[PDB]
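**Q** Next up is a structure, given as structure tokens.
Positions of Cβ are generated from backbone atoms using ideal geometry, with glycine treated the same way; all protein chains shown enter the neighbour counts. Nothing in this text is a laboratory measurement; each read-out follows from the coordinates by a stated rule.
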């Protein structure tokens, strides 16, 4: 039982790690777009700061 | 009437007052709108330097 549950937790953690990698890629794209909007002059610095957080 | 008749007048001398009160009213309204928007533009001019 312990070996089975440990292998299942490993597989579940690997899948959740892939999904958090996708979340990090999405947040990187969104932060780059807000950085472009702030560098152009349309968005203020506060909208950049919240995307940074 | 604000001139003596039969005399010489210079350019820009006021001749008659035509009782404004309406030009006075909408001049006061435009002055109030200017008094709001001018200090708004000044505050935004101050804030735009440090990108607030």
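**Q** If you stretched the chain out fully between residue B:42 and residue B:24, how much longer would it get, using 0.36 nm times the residue separation minus the C-alpha to C-alpha distance?
**A** Details: separation 18, 0.36 × 18 = 6.48 nm, distance 2.64 nm.
Once the chain is fully extended between residue B:42 and residue B:24, it gains 3.8 nm.
**Q** Let me ask something else. Measure nothing but the geometry: give the 0 to 90° angle between the long axis through the Cα atoms of A:2-40 and the longest principal axis through the Cα atoms of chain A, rounded to 10°.
**A** Helix A:2-40 sits roughly 10 degrees off the main axis of chain A.
**Q** Tell me the angle of helix B:22-47 to the major Cα principal axis of chain B, expressed in degrees between 0 and 90 and rounded to the nearest ten.
**A** Approximately 30 degrees, to the nearest ten.
**Q** Work out the mean other chain Cβ neighbour count within 10 Å for the residues of A:45-52 and drop it here as an integer.
**A** Averaged over the peptide's residues, the number is 1.
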